[PDB]
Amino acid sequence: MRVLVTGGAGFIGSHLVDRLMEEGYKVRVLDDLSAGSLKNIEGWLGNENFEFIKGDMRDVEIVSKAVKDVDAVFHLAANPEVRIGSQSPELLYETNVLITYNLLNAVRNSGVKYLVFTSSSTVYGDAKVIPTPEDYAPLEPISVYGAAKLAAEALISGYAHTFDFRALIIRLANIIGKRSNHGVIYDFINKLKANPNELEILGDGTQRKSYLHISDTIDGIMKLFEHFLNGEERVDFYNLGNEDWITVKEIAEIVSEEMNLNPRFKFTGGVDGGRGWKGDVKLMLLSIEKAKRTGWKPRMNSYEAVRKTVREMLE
């Protein structure tokens, strides 16, 4: 199968590229390298089944060229930084809504049969039902990022129905592991490398969120994709997260422990009731019953995934 991975030079994208290349897919990566790096995929350069295109998906000609002769698109290009929402909403809109719109216009009449989209738990906002099922509603995102992800899902559904392709929408929890350059673990490790004596923690440390290691995440994406390929649904919605959750404070403790440091935790007290920033969801735990029906399950719980990520990042 011929596949396009947008954002394939990024964190999740490069691990996905690795898996697809190792299973004999013909893989084209489209990435503007605004956050990704060729280093994440450099072992594949020159491989006859691999092609890399450096291009900004704001440019419709580049997107139309990248979808040509492709059977499936894994659309992982985005700016995933929730924190920047109250300073740079334009960036989040452009890199989540606008470029997905461009992709969808390119996909129309292109012979692409499948579109896999990495959405986010943030589409649920402060979800009132926990663990949160895929049919939870009203969907009320509280960040510009979660709103942009939800808007992208909507456009995908409408285009899939109108121009006859199939869409797999995967709402990810927090994904951590090697090659990650955003999120709380990354922030904590680099802060403690700069100053081992103190740790600036945004918010009050009580935010509880489900974490998945990249290995379980890629396994789950492939399991869902293969199940989807064999199914009949035009648009399919799946949560992908862990069975449990962990607090920001516990993450700081694990990071400190693995670095053999004992810093003073400096909690900023946050906003809107201890959130780290405007739009930061306080409680997140996705139901994964639907994903588990495919046979997938995480091998590591949230605490193990955090500890493994820290160890990997310090080596």
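For every residue, the number given is its place in the sequence shown, counted from 1.
Look at the C-alpha B-factors of 285 to 293 and of 258 to 266. On average they run higher in 258 to 266. Judged by mean Cα B factor in the deposited record, 174 to 182 ranks above the other of 218 to 226 and 174 to 182. The entry lists C-alpha B-factors for 133, 196, 158, 125, and the highest of these is at 196. Remark: of 271, 33, 27, 57, 271 shows the highest value [criterion: C-alpha B-factor in the PDB entry]. In the deposited entry, the Cα temperature factor of residue 91 sits in the middle third of values across the chain's modelled residues. The PDB entry assigns residue 118 a C-alpha temperature factor belonging to the lowest third of its chain's modelled residues.
Sort the modelled residues of the chain by CA B factor and residue 190 lands in the highest third.
Per-chain ranking of the deposited C-alpha B factor places residue 166 in the middle third. When the CA B factors of the chain's modelled residues are split into thirds, the value for residue 149 lands in the lowest one.
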